[PDB]
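What follows is a single structure, written as structure tokens, with notes after it.
Worth knowing before you read on, the calculation uses all heavy atoms, side chains too, and leaves out hydrogens, waters and symmetry mates. Just so it is clear: chains get the letters A, B, ... in the order the sequence lines come, proteins before strands, and each one is counted from 1.
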4 protein chains.
Amino acid sequence: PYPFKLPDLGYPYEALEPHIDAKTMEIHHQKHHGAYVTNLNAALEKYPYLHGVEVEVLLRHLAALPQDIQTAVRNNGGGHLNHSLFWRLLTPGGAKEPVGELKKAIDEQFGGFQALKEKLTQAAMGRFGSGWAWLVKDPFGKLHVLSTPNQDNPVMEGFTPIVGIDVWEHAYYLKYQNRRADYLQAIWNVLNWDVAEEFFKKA
Amino acid sequence: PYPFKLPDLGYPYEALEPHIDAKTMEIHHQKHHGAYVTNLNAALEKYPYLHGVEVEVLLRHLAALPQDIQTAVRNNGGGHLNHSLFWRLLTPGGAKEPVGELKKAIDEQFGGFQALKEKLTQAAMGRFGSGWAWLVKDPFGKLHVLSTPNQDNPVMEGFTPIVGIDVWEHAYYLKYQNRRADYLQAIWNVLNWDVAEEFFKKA
Amino acid sequence: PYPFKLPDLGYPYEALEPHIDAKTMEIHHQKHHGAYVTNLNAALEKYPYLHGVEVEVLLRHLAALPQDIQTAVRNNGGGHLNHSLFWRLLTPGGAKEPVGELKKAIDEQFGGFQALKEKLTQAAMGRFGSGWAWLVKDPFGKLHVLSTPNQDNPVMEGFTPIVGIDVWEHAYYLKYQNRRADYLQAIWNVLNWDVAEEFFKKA
Amino acid sequence: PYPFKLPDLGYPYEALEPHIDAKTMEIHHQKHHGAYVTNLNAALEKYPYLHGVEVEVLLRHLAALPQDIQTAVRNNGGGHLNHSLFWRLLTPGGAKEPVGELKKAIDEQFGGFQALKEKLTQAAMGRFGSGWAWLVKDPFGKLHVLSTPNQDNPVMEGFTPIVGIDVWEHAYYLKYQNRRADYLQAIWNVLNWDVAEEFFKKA
Ligand SMILES: [Mn+2]
Ligand SMILES: [Mn+2]
Ligand SMILES: [Mn+2]
Ligand SMILES: [Mn+2]
């Protein structure tokens with residue numbers, strides 16, 4: 001709850017080379033995610049009555065929040081939640097293909113990992129402007145591939161995110177420039193499916 | 001859960017005269033609410049996996065529903081939920097002013113019943129086209145006055161409805177025609193605050 | 001331009017019996033349309049620099065209007081324009097089927113009157129809540145059938161309206177109650193296609 | 001009209017150093033804008049009846065375009081028009097402050113260049129995600145400062161663009177990383193106000 005904290009990456013900024021550059025990892029965590037946490041805190045400071053609430057609860061009830069902080073919480077709260085999930089998913093050393101219960105769900109609803117990789121790529125490439133591509137779970141057991149604009153998080157619509165891929169240009173511009181496709185091809189080498197499995201099971 | 005049922009009014013169609021006419025009460029319940037229940041059921045028939053879900057759960061996760069029934073559930077599910085709350089709120093013989101815990105909340109957040117009546121009237125009058133005016137509760141204890149378009153229900157945004165007022169023209173046209181203001185003046189004579197208190201407490 | 005005036009209806013309130021009742025014609029014209037004109041004028045009253053502009057132009061440039069009157073102009077200016085067209089299209093004494101240049105376009109593009117009636121009926125029935133169904137022309141010479149919510153007029157999006165059918169409940173509730181389909185069957189008996197032809201030629 | 005062409009940039013990629021880096025100018029023009037032109041042409045290729053229309057007209061009539069190409073035209077046609085204006089406004093050798101008729105309008109309406117810089121800076125900084133900040137004119141002779149998301153161009157809403165500043169991360173990431181504010185301070189050093197003056201006169 002408030003005051004929110006910037007989580008440590010938990011690994012060196014250079015750990016994902018040559019897939020994502022150390023310079024991006026550092027700026028992406030310290031400057032972009034850092035700003036989101038600071039701004040989120042700045043917006044909630046004025047309202048003591050909301051200090052005991054988890055960010056996910058704030059995002060599901062955005063319409064209830066005072067009108068002067070709705071946008072600030074959506075943007076920075078979403079920014080904080082998305083990136084926190086992202087750092088965890090990039091943790092080095094985990095399985096490079098789906099495993100466990102998430103694997104079963106994937107093979108059963110999409111056909112196999114190759115089919116899911118095509119849908120998520122199609123979703124990430126298709127998101128015009130800034131946004132995230134996601135594999136989400138709904139309360140009825142169904143998996144969905146979708147994209148959201150800017151820092152919007154699927155929890156706002158009642159989904160539970162399992163995998164999220166950051167497609168804002170700041171995520172890949174320094175190393176890939178306009179080549180978002182090459183950035184997505186590299187992301188598959190670094191996603192930690194054991195972490196995705198933890199997210200799916202708690203889901 | 002599915003198959004949904006049209007609830008009985010629980011009172012004679014003529015019980016609210018001369019405030020709302022018996023002919024409207026009958027058409028409003030049998031034809032309008034009846035159609036919503038039928039259409040809601042028609043849309044869910046194709047998806048066995050959703051047959052054990054309460055309408056409120058369906059409405060909070062609209063984005064998860066198959067794309068071919070999202071609109072049908074929003075419109076008819078919302079229509080079913082709104083009118084079901086409405087018939088209960090019009091039950092004859094209850095308190096004509098807020099009472100109990102809802103009263104305390106009202107006097108504390110709005111100043112008193114007269115101030116709440118001005119905000120809800122302003123909200124009902126201000127809803128252009130079809131819609132509902134509502135007194136809702138959020139998870140943080142705050143009361144809000146808002147209006148929604150068509151058959152949208154505040155649960156879609158994470159609120160719990162306490163009082164809802166139907167401002168579609170079919171609710172007042174036969175007796176009041178274009179005079180929505182006169183219809184709202186009459187509604188205060190028939191709202192059951194003991195029922196509103198039941199809704200608030202379970203909220 | 002400003003000050004806007006209620007147009008004459010042009011024929012006796014009872015001219016369209018038994019298809020549309022006299023009472024509806026009186027209230028629809030004097031009370032509903034009378035209210036839109038009054039409210040539009042009140043909005044524009046505080047902005048002299050907008051006094052010599054036709055309503056079509058204001059609607060095409062809603063985003064440019066002062067912030068405090070954009071909704072008022074969209075809703076009331078749209079209401080004024082929509083009903084002004086409607087009274088003319090209902091003028092007694094014209095062709096009951098498409099004629100002339102509009103007929104050639106309909107035959108070519110939709111296959112004939114029968115196909116268009118069907119499409120226009122589907123658009124009217126499918127407009128949930130308050131709204132209008134339209135046959136419009138775009139700058140490229142193509143015809144489209146679409147519906148708009150509340151009092152939105154298709155000029156807002158660049159189209160030129162040819163035929164508009166009011167589907168707000170006030171347009172049919174006194175005579176038809178919930179039976180919007182019976183109202184639509186009856187409307188074909190009163191449309192004036194010689195008027196539709198002028199709208200088509202002129203744009 | 002179709003086929004659309006990539007406009008010449010007009011000056012060496014390094015002409016705007018040290019304010020905008022040469023590498024950004026090359027990629028922005030050849031790769032980003034080159035992609036928008038290619039994608040726009042591919043969309044319009046299957047619709048000959050739209051071949052002699054200027055891009056401004058297509059954007060004003062998006063709702064009239066075939067359903068399957070509306071997004072493609074909005075995004076790529078908007079991208080083509082936005083950047084075409086941008087290259088011209090960055091032409092070396094013009095006035096660094098407003099001049100002529102546009103200067104009189106700015107002085108009258110905003111109080112002077114200083115006040116406008118401030119307003120334009122606020123709009124650019126406040127555009128969350130991808131977008132553009134603009135100084136536009138409406139048909140009524142008034143100037144507005146606003147921002148649009150992604151590649152939306154203000155002609156979609158009836159405005160005539162005078163000054164547009166690209167705030168997508170690709171416009172500033174190689175040199176400035178997250179520091180959008182430093183990029184905006186630098187942009188004032190390269191804007192060409194003689195060009196802005198022509199855009200203003202011409203509309
Ligand atoms: Mn990011
Ligand atoms: Mn109703
Ligand atoms: Mn009407
Ligand atoms: Mn750009």
Side-chain angles (χ1 to χ4, degrees), chain A residues 1-6 32-83 130 148-153 155-157, chain B residues 105-106 108-111 115-116 118-120 122-123 126-127 133-149 152 154-160, chain C residues 63 66-72, chain D residues 118-131 133 144-149 167 180-181:
Chain A
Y2 173 89
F4 295 94
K5 292 162 68 146
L6 172 75
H32 290 281
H33 193 181
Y36 300 141
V37 168
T38 303
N39 297 341
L40 177 51
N41 281 338
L44 295 171
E45 180 194 292
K46 327 97 89 150
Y47 300 95
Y49 85 99
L50 292 167
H51 298 177
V53 186
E54 282 326 297
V55 70
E56 295 93 337
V57 173
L58 294 174
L59 293 183
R60 282 191 225 85
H61 295 93
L62 276 168
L65 306 185
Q67 15 293 280
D68 63 319
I69 68 154
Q70 283 185 25
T71 309
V73 181
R74 179 186 180 160
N75 290 341
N76 300 290
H80 176 44
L81 189 57
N82 294 347
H83 291 89
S130 301
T148 55
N150 308 138
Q151 295 304 340
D152 283 8
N153 184 287
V155 307
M156 295 172 77
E157 295 187 339
Chain B
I106 287 171
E108 178 200 298
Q109 302 189 35
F110 300 106
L116 188 255
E118 183 192 325
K119 295 211 163 314
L120 251 175
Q122 210 200 34
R127 170 47 57 177
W134 308 93
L135 171 59
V136 296
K137 190 185 194 162
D138 64 26
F140 320 120
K142 270 33 176 39
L143 289 184
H144 302 259
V145 176
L146 54 90
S147 81
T148 55
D152 283 8
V155 307
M156 295 172 77
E157 295 187 339
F159 294 106
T160 304
Chain C
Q67 24 273 344
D68 59 315
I69 66 163
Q70 289 173 13
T71 298
Chain D
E118 189 159 357
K119 274 183 152 281
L120 255 173
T121 303
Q122 281 153 33
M125 284 307 291
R127 173 44 58 177
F128 195 71
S130 298
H144 306 261
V145 174
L146 43 91
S147 77
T148 58
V167 304
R180 188 192 282 191

D:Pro149 side chain near A:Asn150 side chain, heavy-atom distance below 4.5 Å: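 Not touching, per the 4.5 Å side-chain cut-off.
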Close side-chain approach of D:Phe128 and A:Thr71, heavy atoms under 4.5 Å: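 No, their side chains stay 4.5 Å or more apart.
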Taking all non-hydrogen atoms of both residues, which atom of [X] and which atom of [Y] are closest, and how far apart?
X: A:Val37; Y: A:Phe4; value: CG1-O, 3.5 Å
X: B:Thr148; Y: B:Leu146; value: CG2-CD1, 4.0 Å
X: D:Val145; Y: D:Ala123; value: CG1-CB, 3.8 Å
X: D:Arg127; Y: D:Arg180; value: O-NH1, 2.8 Å

Main-chain N/O of A:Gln151 paired to A:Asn82 side chain as donor or acceptor, under 3.5 Å: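 Yes: the side chain of A:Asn82 pairs with the backbone of A:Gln151.
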B:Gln109, CD: over 12 other non-hydrogen atoms inside 6.0 angstrom: yes
A:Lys5, NZ atom: more than 12 neighbouring heavy atoms under 6.0 Å: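 Open: at most 12 neighbouring heavy atoms sit under 6.0 Å from NZ of A:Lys5.
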Sequence-distant partners of B:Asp152, side-chain hydrogen bond (donor to acceptor under 3.5 Å, both in side chains), two or more places apart: B:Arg74
Pairs touching residues 50-64 of chain A that satisfy salt bridge (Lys or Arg N to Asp or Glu O under 4.0 Å), sequence neighbours left out: none
Parallel, tilted or perpendicular: rings of A:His32 and A:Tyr36 (30°, 60°):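 A:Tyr36 vs A:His32 ring planes: tilted.
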Whether A:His61 and B:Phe140 hold their rings parallel, tilted or perpendicular, with breakpoints at 30° and 60°: perpendicular
Point-to-point distance, once rounded to the nearest 0.5 Å, from [atom1] of [X] to [atom2] of [Y]:
X: A:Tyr2; Y: A:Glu45; atom1: OH; atom2: CD; value: 5.0 Å
X: B:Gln122; Y: B:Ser147; atom1: CD; atom2: OG; value: 11.0 Å
X: A:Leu44; Y: A:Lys46; atom1: CG; atom2: NZ; value: 8.0 Å
X: A:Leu65; Y: A:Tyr49; atom1: CG; atom2: OH; value: 6.5 Å
X: A:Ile69; Y: A:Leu40; atom1: CD1; atom2: CG; value: 8.5 Å
X: A:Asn75; Y: A:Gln70; atom1: CG; atom2: CD; value: 11.5 Å

Single hit among B:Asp138, B:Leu135, B:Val136 for side-chain contact (heavy atoms from CB on, under 4.5 Å) with B:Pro154: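 Only match with B:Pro154 under side-chain contact (heavy atoms from CB on, under 4.5 Å): B:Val136.
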